[PDB]
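What's in upload_3.cif: mmCIF, C-alpha atoms (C1' of nucleotides)
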data_data
#
loop_
_atom_site.group_PDB
_atom_site.id
_atom_site.type_symbol
_atom_site.label_atom_id
_atom_site.label_comp_id
_atom_site.auth_asym_id
_atom_site.auth_seq_id
_atom_site.Cartn_x
_atom_site.Cartn_y
_atom_site.Cartn_z
ATOM 1 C CA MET A 1 377.682 382.854 -45.084
ATOM 2 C CA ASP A 2 375.658 380.033 -43.536
ATOM 3 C CA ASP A 3 378.170 377.358 -44.574
ATOM 4 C CA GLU A 4 381.262 379.116 -43.189
ATOM 5 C CA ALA A 5 379.581 380.102 -39.910
ATOM 6 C CA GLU A 6 378.120 376.596 -39.564
ATOM 7 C CA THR A 7 381.560 375.037 -40.129
ATOM 8 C CA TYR A 8 383.114 377.455 -37.614
ATOM 9 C CA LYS A 9 380.508 376.730 -34.933
ATOM 10 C CA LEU A 10 380.733 372.977 -35.613
ATOM 11 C CA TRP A 11 384.521 373.098 -35.197
ATOM 12 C CA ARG A 12 384.155 375.142 -31.991
ATOM 13 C CA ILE A 13 381.522 372.725 -30.637
ATOM 14 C CA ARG A 14 383.712 369.722 -31.533
ATOM 15 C CA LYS A 15 386.704 371.347 -29.806
ATOM 16 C CA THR A 16 384.581 372.038 -26.708
ATOM 17 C CA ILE A 17 383.339 368.422 -26.703
ATOM 18 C CA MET A 18 386.899 367.109 -27.080
ATOM 19 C CA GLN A 19 388.084 369.328 -24.215
ATOM 20 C CA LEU A 20 385.142 368.075 -22.129
ATOM 21 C CA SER A 21 386.197 364.489 -22.872
ATOM 22 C CA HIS A 22 389.790 365.374 -21.956
ATOM 23 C CA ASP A 23 388.585 366.923 -18.686
ATOM 24 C CA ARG A 24 386.615 363.770 -17.793
ATOM 25 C CA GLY A 25 389.660 361.478 -17.876
ATOM 26 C CA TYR A 26 388.957 359.905 -21.268
ATOM 27 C CA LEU A 27 391.553 358.843 -23.846
ATOM 28 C CA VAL A 28 392.002 362.087 -25.789
ATOM 29 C CA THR A 29 394.857 362.750 -28.203
ATOM 30 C CA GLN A 30 396.663 366.081 -28.398
ATOM 31 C CA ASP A 31 395.971 366.729 -32.095
ATOM 32 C CA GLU A 32 392.204 366.612 -31.555
ATOM 33 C CA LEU A 33 392.590 369.186 -28.779
ATOM 34 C CA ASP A 34 394.734 371.293 -31.137
ATOM 35 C CA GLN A 35 392.570 370.748 -34.231
ATOM 36 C CA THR A 36 392.414 374.032 -36.134
ATOM 37 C CA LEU A 37 389.548 375.274 -38.294
ATOM 38 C CA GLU A 38 391.559 374.472 -41.430
ATOM 39 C CA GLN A 39 392.285 371.006 -40.013
ATOM 40 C CA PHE A 40 388.547 370.526 -39.449
ATOM 41 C CA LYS A 41 387.874 371.717 -43.009
ATOM 42 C CA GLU A 42 390.431 369.281 -44.431
ATOM 43 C CA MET A 43 389.356 366.312 -42.296
ATOM 44 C CA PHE A 44 385.568 366.716 -42.464
ATOM 45 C CA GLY A 45 384.667 369.403 -45.021
ATOM 46 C CA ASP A 46 383.550 373.011 -45.121
ATOM 47 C CA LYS A 47 380.030 372.952 -46.672
ATOM 48 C CA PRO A 48 377.514 371.651 -44.088
ATOM 49 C CA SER A 49 374.612 372.233 -46.508
ATOM 50 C CA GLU A 50 375.719 369.498 -48.929
ATOM 51 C CA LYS A 51 376.560 366.987 -46.154
ATOM 52 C CA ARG A 52 380.314 367.772 -46.058
ATOM 53 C CA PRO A 53 380.417 367.146 -43.156
ATOM 54 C CA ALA A 54 376.989 365.751 -42.294
ATOM 55 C CA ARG A 55 375.549 366.099 -38.802
ATOM 56 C CA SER A 56 375.616 362.313 -38.345
ATOM 57 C CA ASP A 57 379.070 362.176 -39.963
ATOM 58 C CA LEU A 58 380.874 363.861 -37.041
ATOM 59 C CA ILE A 59 380.063 361.218 -34.437
ATOM 60 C CA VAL A 60 382.672 360.980 -31.677
ATOM 61 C CA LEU A 61 383.443 357.804 -29.745
ATOM 62 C CA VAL A 62 385.970 358.212 -26.933
ATOM 63 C CA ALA A 63 387.326 355.674 -24.444
ATOM 64 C CA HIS A 64 388.492 355.849 -20.836
ATOM 65 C CA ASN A 65 392.163 355.519 -19.912
ATOM 66 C CA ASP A 66 391.809 353.116 -16.977
ATOM 67 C CA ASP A 67 388.804 351.127 -18.259
ATOM 68 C CA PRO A 68 388.857 350.763 -22.072
ATOM 69 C CA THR A 69 385.362 349.232 -22.244
ATOM 70 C CA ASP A 70 383.907 352.344 -20.564
ATOM 71 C CA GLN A 71 383.293 354.644 -23.537
ATOM 72 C CA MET A 72 381.281 357.740 -24.457
ATOM 73 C CA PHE A 73 379.318 358.548 -27.597
ATOM 74 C CA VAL A 74 378.650 362.104 -28.740
ATOM 75 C CA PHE A 75 375.596 362.577 -30.972
ATOM 76 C CA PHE A 76 374.773 365.571 -33.195
ATOM 77 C CA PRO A 77 371.172 365.433 -34.430
ATOM 78 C CA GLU A 78 370.287 367.795 -37.260
ATOM 79 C CA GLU A 79 366.684 368.594 -36.283
ATOM 80 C CA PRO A 80 365.970 371.456 -33.847
ATOM 81 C CA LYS A 81 363.369 369.628 -31.717
ATOM 82 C CA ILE A 82 364.222 366.168 -30.374
ATOM 83 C CA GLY A 83 361.426 363.616 -30.169
ATOM 84 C CA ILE A 84 361.346 360.183 -28.580
ATOM 85 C CA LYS A 85 361.855 358.589 -32.026
ATOM 86 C CA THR A 86 365.459 359.756 -32.417
ATOM 87 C CA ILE A 87 366.124 359.081 -28.720
ATOM 88 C CA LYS A 88 364.911 355.513 -29.309
ATOM 89 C CA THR A 89 367.051 355.325 -32.465
ATOM 90 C CA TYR A 90 370.117 356.333 -30.433
ATOM 91 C CA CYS A 91 369.075 353.803 -27.776
ATOM 92 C CA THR A 92 368.700 350.954 -30.294
ATOM 93 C CA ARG A 93 372.160 351.882 -31.547
ATOM 94 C CA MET A 94 373.256 352.069 -27.903
ATOM 95 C CA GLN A 95 372.445 348.554 -26.616
ATOM 96 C CA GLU A 96 373.931 346.759 -29.633
ATOM 97 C CA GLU A 97 377.421 348.158 -28.917
ATOM 98 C CA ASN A 98 377.386 347.540 -25.116
ATOM 99 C CA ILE A 99 378.393 350.986 -23.822
ATOM 100 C CA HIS A 100 376.873 352.961 -20.910
ATOM 101 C CA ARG A 101 377.620 356.634 -21.688
ATOM 102 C CA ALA A 102 376.525 359.103 -24.362
ATOM 103 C CA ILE A 103 375.838 362.824 -24.772
ATOM 104 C CA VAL A 104 373.351 364.193 -27.320
ATOM 105 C CA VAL A 105 373.891 367.826 -28.342
ATOM 106 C CA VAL A 106 370.505 369.364 -29.120
ATOM 107 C CA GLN A 107 370.128 372.446 -31.321
ATOM 108 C CA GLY A 108 366.811 374.146 -30.547
ATOM 109 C CA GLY A 109 364.932 372.093 -27.979
ATOM 110 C CA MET A 110 364.261 368.647 -26.593
ATOM 111 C CA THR A 111 360.801 367.652 -25.463
ATOM 112 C CA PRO A 112 359.491 367.111 -21.895
ATOM 113 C CA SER A 113 358.213 363.680 -22.955
ATOM 114 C CA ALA A 114 361.783 362.884 -23.956
ATOM 115 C CA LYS A 115 362.872 364.513 -20.670
ATOM 116 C CA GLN A 116 360.803 361.904 -18.822
ATOM 117 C CA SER A 117 362.220 359.251 -21.169
ATOM 118 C CA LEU A 118 365.785 360.252 -20.240
ATOM 119 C CA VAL A 119 364.741 360.300 -16.573
ATOM 120 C CA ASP A 120 363.403 356.752 -16.573
ATOM 121 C CA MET A 121 366.167 355.224 -18.715
ATOM 122 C CA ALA A 122 368.831 356.691 -16.402
ATOM 123 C CA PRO A 123 369.994 353.773 -14.142
ATOM 124 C CA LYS A 124 370.934 351.498 -17.024
ATOM 125 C CA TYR A 125 372.530 353.966 -19.457
ATOM 126 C CA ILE A 126 373.603 357.577 -18.903
ATOM 127 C CA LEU A 127 372.260 359.815 -21.690
ATOM 128 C CA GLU A 128 373.072 363.452 -20.970
ATOM 129 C CA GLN A 129 371.834 366.321 -23.126
ATOM 130 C CA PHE A 130 373.419 369.655 -23.986
ATOM 131 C CA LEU A 131 372.435 372.836 -25.803
ATOM 132 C CA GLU A 132 374.465 374.056 -28.779
ATOM 133 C CA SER A 133 374.618 377.583 -27.334
ATOM 134 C CA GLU A 134 376.055 376.299 -24.043
ATOM 135 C CA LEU A 135 378.867 374.449 -25.854
ATOM 136 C CA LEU A 136 380.275 377.468 -27.698
ATOM 137 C CA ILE A 137 382.127 378.589 -24.539
ATOM 138 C CA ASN A 138 384.416 376.454 -22.392
ATOM 139 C CA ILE A 139 383.136 376.877 -18.835
ATOM 140 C CA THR A 140 386.362 375.877 -17.052
ATOM 141 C CA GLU A 141 388.467 378.314 -19.124
ATOM 142 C CA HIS A 142 386.736 381.383 -17.659
ATOM 143 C CA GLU A 143 388.663 383.541 -15.196
ATOM 144 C CA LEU A 144 385.775 383.431 -12.694
ATOM 145 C CA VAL A 145 385.689 379.606 -12.634
ATOM 146 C CA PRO A 146 388.340 377.982 -10.386
ATOM 147 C CA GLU A 147 389.760 374.468 -10.702
ATOM 148 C CA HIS A 148 387.239 371.647 -10.242
ATOM 149 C CA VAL A 149 388.462 368.081 -9.665
ATOM 150 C CA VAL A 150 386.203 365.031 -9.549
ATOM 151 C CA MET A 151 387.058 362.937 -6.496
ATOM 152 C CA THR A 152 386.719 359.196 -5.915
ATOM 153 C CA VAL A 153 384.938 357.433 -3.060
ATOM 154 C CA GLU A 154 388.117 356.400 -1.205
ATOM 155 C CA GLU A 155 389.359 359.991 -1.003
ATOM 156 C CA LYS A 156 385.809 361.007 -0.041
ATOM 157 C CA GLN A 157 385.923 358.478 2.815
ATOM 158 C CA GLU A 158 389.348 359.832 3.813
ATOM 159 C CA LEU A 159 387.932 363.380 3.813
ATOM 160 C CA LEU A 160 384.971 362.297 5.959
ATOM 161 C CA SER A 161 387.250 360.436 8.389
ATOM 162 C CA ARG A 162 389.854 363.213 8.667
ATOM 163 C CA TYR A 163 387.533 366.166 9.335
ATOM 164 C CA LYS A 164 384.767 364.110 11.069
ATOM 165 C CA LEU A 165 382.382 365.294 8.345
ATOM 166 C CA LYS A 166 378.984 363.926 7.366
ATOM 167 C CA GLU A 167 377.548 364.201 3.870
ATOM 168 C CA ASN A 168 374.406 366.159 4.802
ATOM 169 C CA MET A 169 376.452 368.874 6.553
ATOM 170 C CA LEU A 170 378.863 369.365 3.632
ATOM 171 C CA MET A 171 378.947 372.301 1.266
ATOM 172 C CA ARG A 172 376.510 371.687 -1.579
ATOM 173 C CA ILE A 173 376.354 372.175 -5.337
ATOM 174 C CA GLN A 174 373.245 371.591 -7.443
ATOM 175 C CA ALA A 175 373.260 368.821 -10.042
ATOM 176 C CA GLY A 176 371.961 371.302 -12.636
ATOM 177 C CA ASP A 177 375.085 373.448 -12.343
ATOM 178 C CA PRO A 178 376.926 373.939 -15.672
ATOM 179 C CA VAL A 179 380.193 372.919 -13.982
ATOM 180 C CA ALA A 180 378.598 369.681 -12.746
ATOM 181 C CA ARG A 181 377.096 369.093 -16.197
ATOM 182 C CA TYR A 182 380.531 369.723 -17.743
ATOM 183 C CA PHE A 183 382.104 367.010 -15.579
ATOM 184 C CA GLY A 184 378.983 364.815 -15.598
ATOM 185 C CA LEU A 185 378.688 364.786 -11.808
ATOM 186 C CA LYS A 186 375.956 362.589 -10.330
ATOM 187 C CA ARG A 187 374.229 362.931 -6.967
ATOM 188 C CA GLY A 188 376.400 361.812 -4.054
ATOM 189 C CA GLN A 189 379.755 362.715 -5.597
ATOM 190 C CA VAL A 190 381.999 365.339 -3.998
ATOM 191 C CA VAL A 191 383.928 367.798 -6.178
ATOM 192 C CA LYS A 192 387.112 369.504 -4.964
ATOM 193 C CA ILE A 193 387.463 373.216 -5.737
ATOM 194 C CA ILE A 194 390.936 374.772 -5.816
ATOM 195 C CA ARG A 195 390.845 378.566 -6.030
ATOM 196 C CA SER A 196 393.225 381.494 -5.673
ATOM 197 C CA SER A 197 393.114 383.254 -2.295
ATOM 198 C CA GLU A 198 394.474 386.759 -1.740
ATOM 199 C CA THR A 199 395.158 386.071 1.960
ATOM 200 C CA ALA A 200 396.653 382.561 1.804
ATOM 201 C CA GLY A 201 397.704 381.939 -1.809
ATOM 202 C CA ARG A 202 395.295 379.108 -2.593
ATOM 203 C CA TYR A 203 392.290 377.465 -0.957
ATOM 204 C CA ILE A 204 390.697 374.025 -1.318
ATOM 205 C CA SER A 205 386.999 373.431 -0.612
ATOM 206 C CA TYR A 206 384.708 370.437 -1.116
ATOM 207 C CA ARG A 207 381.173 370.528 -2.525
ATOM 208 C CA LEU A 208 378.496 367.821 -2.524
ATOM 209 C CA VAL A 209 376.552 367.261 -5.746
ATOM 210 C CA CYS A 210 372.819 367.232 -5.021
ATOM 211 C "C1'" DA B 1 288.767 405.648 46.945
ATOM 212 C "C1'" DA B 2 290.817 402.168 43.379
ATOM 213 C "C1'" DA B 3 292.179 400.937 38.452
ATOM 214 C "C1'" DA B 4 294.233 402.038 33.760
ATOM 215 C "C1'" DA B 5 297.013 404.767 30.266
ATOM 216 C "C1'" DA B 6 300.713 408.108 28.908
ATOM 217 C "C1'" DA B 7 305.169 410.529 30.030
ATOM 218 C "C1'" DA B 8 309.883 410.486 31.563
ATOM 219 C "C1'" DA B 9 314.094 408.407 33.889
ATOM 220 C "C1'" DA B 10 317.184 404.287 33.954
ATOM 221 C "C1'" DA B 11 319.532 400.252 31.766
ATOM 222 C "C1'" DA B 12 321.478 397.118 27.791
ATOM 223 C "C1'" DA B 13 323.423 396.929 23.011
ATOM 224 C "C1'" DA B 14 325.757 397.629 18.104
ATOM 225 C "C1'" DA B 15 328.379 400.705 15.651
ATOM 226 C "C1'" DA B 16 351.928 404.065 0.447
ATOM 227 C "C1'" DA B 17 355.671 401.951 -2.887
ATOM 228 C "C1'" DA B 18 358.174 397.691 -4.044
ATOM 229 C "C1'" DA B 19 359.295 392.773 -4.730
ATOM 230 C "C1'" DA B 20 359.073 387.457 -4.298
ATOM 231 C "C1'" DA B 21 356.048 383.433 -4.456
ATOM 232 C "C1'" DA B 22 351.948 380.964 -5.766
ATOM 233 C "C1'" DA B 23 347.489 380.100 -8.281
ATOM 234 C "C1'" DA B 24 345.405 380.196 -12.720
ATOM 235 C "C1'" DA B 25 343.824 380.745 -17.720
ATOM 236 C "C1'" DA B 26 344.839 380.695 -22.844
ATOM 237 C "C1'" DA B 27 347.609 378.303 -25.833
ATOM 238 C "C1'" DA B 28 350.266 374.940 -28.022
ATOM 239 C "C1'" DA B 29 353.011 371.185 -29.595
ATOM 240 C "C1'" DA B 30 353.845 366.056 -28.871
ATOM 241 C "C1'" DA B 31 352.155 361.602 -28.777
ATOM 242 C "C1'" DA B 32 348.772 357.632 -28.705
ATOM 243 C "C1'" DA B 33 344.097 355.183 -30.823
ATOM 244 C "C1'" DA B 34 339.762 354.321 -34.780
ATOM 245 C "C1'" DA B 35 338.575 355.017 -40.194
ATOM 246 C "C1'" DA B 36 339.523 353.984 -45.714
ATOM 247 C "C1'" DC B 37 340.687 354.139 -51.310
ATOM 248 C "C1'" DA B 38 343.890 351.021 -53.185
ATOM 249 C "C1'" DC B 39 347.276 347.604 -52.627
ATOM 250 C "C1'" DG B 40 348.503 342.316 -51.652
ATOM 251 C "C1'" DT B 41 346.905 337.603 -52.788
ATOM 252 C "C1'" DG B 42 344.514 333.478 -54.690
ATOM 253 C "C1'" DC B 43 341.082 331.715 -57.732
ATOM 254 C "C1'" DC B 44 338.623 331.123 -61.946
ATOM 255 C "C1'" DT B 45 336.045 332.273 -65.669
ATOM 256 C "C1'" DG B 46 336.870 334.406 -69.494
ATOM 257 C "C1'" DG B 47 340.597 335.684 -72.868
ATOM 258 C "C1'" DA B 48 343.811 333.758 -76.270
ATOM 259 C "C1'" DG B 49 345.926 330.327 -80.050
ATOM 260 C "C1'" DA B 50 345.060 327.007 -83.874
ATOM 261 C "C1'" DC B 51 342.335 324.516 -87.626
ATOM 262 C "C1'" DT B 52 338.364 324.104 -90.596
ATOM 263 C "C1'" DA B 53 335.156 325.647 -93.889
ATOM 264 C "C1'" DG B 54 331.712 328.575 -95.612
ATOM 265 C "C1'" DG B 55 329.106 332.263 -96.641
ATOM 266 C "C1'" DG B 56 329.115 337.167 -97.107
ATOM 267 C "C1'" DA B 57 331.613 340.875 -99.348
ATOM 268 C "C1'" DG B 58 334.730 342.636 -103.251
ATOM 269 C "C1'" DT B 59 335.633 342.664 -108.115
ATOM 270 C "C1'" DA B 60 334.368 342.535 -113.423
ATOM 271 C "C1'" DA B 61 330.779 343.634 -117.078
ATOM 272 C "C1'" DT B 62 326.223 345.644 -118.664
ATOM 273 C "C1'" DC B 63 322.303 348.660 -118.968
ATOM 274 C "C1'" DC B 64 318.715 351.357 -118.505
ATOM 275 C "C1'" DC B 65 316.641 354.135 -115.549
ATOM 276 C "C1'" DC B 66 317.172 358.050 -113.314
ATOM 277 C "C1'" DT B 67 319.322 362.144 -113.145
ATOM 278 C "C1'" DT B 68 321.010 366.452 -115.277
ATOM 279 C "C1'" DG B 69 320.800 370.303 -118.655
ATOM 280 C "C1'" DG B 70 318.696 373.919 -122.017
ATOM 281 C "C1'" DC B 71 314.741 377.017 -124.206
ATOM 282 C "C1'" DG B 72 310.823 379.165 -124.358
ATOM 283 C "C1'" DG B 73 305.235 381.199 -122.446
ATOM 284 C "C1'" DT B 74 302.236 383.432 -119.411
ATOM 285 C "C1'" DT B 75 302.422 384.334 -115.138
ATOM 286 C "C1'" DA B 76 301.547 384.020 -110.161
ATOM 287 C "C1'" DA B 77 304.919 385.211 -106.987
ATOM 288 C "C1'" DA B 78 307.946 388.534 -105.578
ATOM 289 C "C1'" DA B 79 309.438 393.397 -105.055
ATOM 290 C "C1'" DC B 80 308.808 398.320 -104.475
ATOM 291 C "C1'" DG B 81 306.273 402.411 -102.697
ATOM 292 C "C1'" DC B 82 302.612 405.266 -99.721
#

Starting from the file, give its structure as C-alpha cells.
Amino acid sequence: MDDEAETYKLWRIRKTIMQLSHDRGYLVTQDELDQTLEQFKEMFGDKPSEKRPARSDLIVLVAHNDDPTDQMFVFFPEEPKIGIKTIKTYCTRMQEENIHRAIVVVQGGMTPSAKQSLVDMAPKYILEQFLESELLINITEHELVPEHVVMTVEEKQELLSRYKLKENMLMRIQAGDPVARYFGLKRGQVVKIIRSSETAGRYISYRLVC
DNA sequence: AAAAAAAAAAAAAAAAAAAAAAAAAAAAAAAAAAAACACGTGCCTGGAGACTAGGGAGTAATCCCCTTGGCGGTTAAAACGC
C-alpha cells in the first residue's frame, strides 16, 4: 500500500519536475516527458522502502539548450524536516561541480534558519525549494491558468520603448506566486501572459515580478 | 445715635452586529557553547624465557599406639503421670 502509492507519487513528482524543466527551456527529451508508471518501475524500481529506488537515487541533472554549462540539479531528501546540515551537504556537492542552479523538493517542512541560509546564499547560487504537495499538480495545465512566457531583457526594452512604459507603473505579480515559482522568475523580470478573450479572441498582457 | 451679626437676593461654576489588522503570551523545535568516563599514545617497570641446583615433598616399609568393638552391674539419668 505504502510502496505502490509512494512509487506513484514519486513518478508523478518526477514527471512534474521534468515538465517544469521542459517549461524553463532546458534540454529535456520526449521519453522523460512521456515516462509511464511502468517505465518508472522498470527504470528505477517499485519498492521505495527497500531503496528501489532510493530518495537520493532519483537525482536529476538537466542542462540548458543555449548554454550547456548552465545546468539544474533536482534534489529529493528523504527526511521530512530540512536542517542546515543537508543544505550544507548539497552546497558542498554544489561548488565542486561548478553549477549555479538547483531545486530541493522538501517533504514536510524546511526550517526558518535554513530559510535565512537560502536567503543569504542567493546571489552566488540559486537554490529554490518546493513542497511535495505542490508538485503533484501541474500548475500550467489547469484551465484557469493562461499561457505564461518568460521574456528577455531586449524584448523588455522593446516593450518599454514601444508603449513608453516604466517598470514601476507596470502590472505586477508577486515573486511568491506559484506560477513565478514554476518558471523560477526573479525580481525585475517581466512575464508575458497570453489568455483567451471572449470579445477579441486572445489578449496579451505583461506582468512585473516583484 | 452708631456698630455688629444673621437672613435673603445676586453671581460664578461643574455636572448593535460584523470583519480586518495589530499586539501579545504560551509553546516549541533548531542550533550553538562548557563538562566527562574511556579512548589514544608513549614510557617503563614489571612480566616472561632459560639454566642451574637444591631442598622439600612423594613413595616404600614397619609398627605400635590409638582407635574400635563386645558383655555385663548397679544405677543415676531419663521418662511418665498428677

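Here CA of residue 177 (chain A) is placed at a distance of 12.5 Å from CA of residue 140 (chain A).
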
Residues of chain A within 9 Å of chain B, using all atoms listed in the file, as a ChimeraX atom specification? /A:83,111,113

Which is closest to residue 128 (chain A) among A:101, A:9, A:96, A:78, if we use only C-alpha atoms? A:101

Evaluate the PyMOL selection byres ((chain A and resi 187-197) around 6) on the structure here and hand back the selected residues as a list in words. residues 146, 147, 148, 149, 150, 151, 186, 198, 199, 200, 201, 202, 203, 204, 205, 206, 207, 208, 209 and 210 of chain A

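Between residue 184 (chain A) and the candidates A:20, A:84, A:144, A:135, the tightest atom-to-atom separation, counting only C-alpha atoms, involves A:20.
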
Taking (378.2, 366.4, -28.1) in the file's coordinates as the center, which residues reach within 7 Å of it, counting all atoms listed in the file, put as a PyMOL selection string? chain A and resi 17+74-76+103-105

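In this model, the gap between CA of residue 85 (chain A) and CA of residue 183 (chain A) comes to 27.4 Å.
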
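As for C1' of residue 25 (chain B) and CA of residue 119 (chain A), they are spaced 29.3 Å apart.
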
Give me the result of the PyMOL selection byres ((chain A and resi 125) around 12) on this file, residue by residue, as number ranges by chain. A: 70-73, 90-92, 94-95, 98-103, 117-124, 126-128

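On the file presented, the PyMOL selection byres ((chain A and resi 57) around 12) picks out residues 10, 43, 44, 45, 48, 51, 52, 53, 54, 55, 56, 58, 59, 60, 61, 74, 75, 76, 77 and 78 of chain A.
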
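Restricting the calculation to all atoms listed in the file, the smallest distance between residue 40 (chain A) and any of A:13, A:179, A:165, A:137 is found for A:13.
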
At a cut-off of 12 Å from (378.7, 379.0, -41.3) in the coordinates of the file, what residues are picked up using only C-alpha atoms (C1' of nucleotides), written as number ranges by chain? A: 1-12, 37, 41, 45-49

Serialized selection, C-alpha atoms, as a PDB file, in the frame of the given file:
ATOM      1  CA  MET A   1     377.682 382.854 -45.084  1.00  0.00           C
ATOM      2  CA  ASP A   2     375.658 380.033 -43.536  1.00  0.00           C
ATOM      3  CA  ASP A   3     378.170 377.358 -44.574  1.00  0.00           C
ATOM      4  CA  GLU A   4     381.262 379.116 -43.189  1.00  0.00           C
ATOM      5  CA  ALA A   5     379.581 380.102 -39.910  1.00  0.00           C
ATOM      6  CA  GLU A   6     378.120 376.596 -39.564  1.00  0.00           C
ATOM      7  CA  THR A   7     381.560 375.037 -40.129  1.00  0.00           C
ATOM      8  CA  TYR A   8     383.114 377.455 -37.614  1.00  0.00           C
ATOM      9  CA  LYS A   9     380.508 376.730 -34.933  1.00  0.00           C
ATOM     10  CA  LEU A  10     380.733 372.977 -35.613  1.00  0.00           C
ATOM     11  CA  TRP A  11     384.521 373.098 -35.197  1.00  0.00           C
ATOM     12  CA  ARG A  12     384.155 375.142 -31.991  1.00  0.00           C
ATOM     13  CA  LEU A  37     389.548 375.274 -38.294  1.00  0.00           C
ATOM     14  CA  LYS A  41     387.874 371.717 -43.009  1.00  0.00           C
ATOM     15  CA  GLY A  45     384.667 369.403 -45.021  1.00  0.00           C
ATOM     16  CA  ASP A  46     383.550 373.011 -45.121  1.00  0.00           C
ATOM     17  CA  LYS A  47     380.030 372.952 -46.672  1.00  0.00           C
ATOM     18  CA  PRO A  48     377.514 371.651 -44.088  1.00  0.00           C
ATOM     19  CA  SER A  49     374.612 372.233 -46.508  1.00  0.00           C
TER      20      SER A  49
END

For region 47-66 of chain B, take all atoms listed in the file, fit an axis-aligned box around them, add 4 Å to each of the six sides, then output centre and edge lengths in Å rounded to one decimal, as lines of an AutoDock Vina configuration file.
center_x = 331.3
center_y = 341.1
center_z = -95.9
size_x = 37.3
size_y = 41.9
size_z = 54.1

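If you count all atoms listed in the file and ignore residues fewer than 5 places along the chain from residue 106 (chain A), what sits within 8 Å of it is residues 76, 77, 80, 81, 82, 129, 130, 131 and 132 of chain A.
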